[PDB]
């Protein structure tokens, strides 16, 4: 019963040349769920973010025609979106409920299998309560619709932060765990171009020399914080990045964890964002001349540097290491950000979709089983 939820980013279709990704590029057998990101709120109603999206919806659905057990979800929100439309969505009950009732129709019309809520992020007591009510209402209406109609219930999932501080700030974990089908923990973006020291995007474990605060910025500590706060393991989907985060070094001779950095490193040719690289862009950086590939034995993740360019990322080995940690802890499955940034063309020299394949094969035979695991 382990689940693999893969995000598909709409804007990946705007990629140039090989980087261009369409719903048809998705292997219908890789993931258990596909989540399309993002839809938006216009007049407090679940709505297309762009007319080009309507047909995109039609194409991400009907991946079901090559795999009928594949579930397709639509995500609302995201970072660009902001926290304000969610505050106004949950300000009064009518708009809230009318949002739910019409969202159900919207989803059923497109024949989605459910909804992913990406409010990034609720903050403060009033936001906490409103996030719970939104989730509660969606869940009860999904159940209620499943009985007043005829078909199996729409799925409810949400993307949630890894930061232990953001958890306390915005998430009543026992309550949201009642109504969510899956809790997608964003166990990445622990470090990046907003910092002036080199650090890894998604380290599994911390360095022994790390401060007590730095030790909390890991996949292992974050996932366990969610458990500690009451999230049920079988609903916890641990996030796996198919991308890396890069730095421009102050000094070429200092390339170790914590070396000074002036900002993000040179953008990739396809994602066009400094401080950021997709995995197939990582490989291009890796086969350049004189690039040093390093394996961090403590953090159990790779990184690489060449001249003043430094990038920390995830490969086959780190993701396999993570699946072993996953099974050991007994989590319900994984979430992948994102399917369009795996090497979906096989240009790395390994197989097509190498990162997700490596995770899938390592989860083979795994079945989630709940058991007491101490304080």
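Positions refer to the first chain, counted from 1.
Novice: Which has higher Cα B-factors on average according to the PDB entry: 278 to 286 or 198 to 206?
Specialist: Between 198 to 206 and 278 to 286, it is 278 to 286.
Novice: Output the stretch having the higher mean C-alpha B factor in the entry; the candidates are 251 to 259 and 170 to 178.
Specialist: Stretch with the greater average CA B-factor: 251 to 259.
Novice: Would you mind finding, among 34, 37, 54, 319, the residue with the largest C-alpha temperature factor in the entry?
Specialist: Of 34, 37, 54, 319, 54 has the highest C-alpha B-factor.
Novice: Pick out which of 342, 314, 329, 43 has the highest C-alpha B-factor in the PDB entry.
Specialist: Spelled out: the listed residue with the top C-alpha B-factor is 43.
Novice: Against its chain's modelled residues, does residue 324's Cα B factor rank lowest, middle or highest third?
Specialist: Ranked within chain, residue 324 CA B lands in the middle tercile.
Novice: Please place residue 191 in the lowest, middle or highest third of its chain according to the CA B-factor in the PDB entry.
Specialist: Bottom third by C-alpha B-factor.
Novice: Thinking about Cα B factors across the chain, which third does residue 144 belong to?
Specialist: CA B-factor rank for residue 144: highest third.
Novice: Among the modelled residues of this chain, does the Cα B factor of residue 226 put it in the lowest, middle or highest third?
Specialist: For residue 226, whose C-alpha B-factor we compare with every modelled residue in the chain, the answer is the lowest third.
Novice: What third of its chain, lowest, middle or highest, does the C-alpha temperature factor of residue 184 fall into?
Specialist: It belongs to the lowest third of the chain when residues are ordered by C-alpha B-factor.
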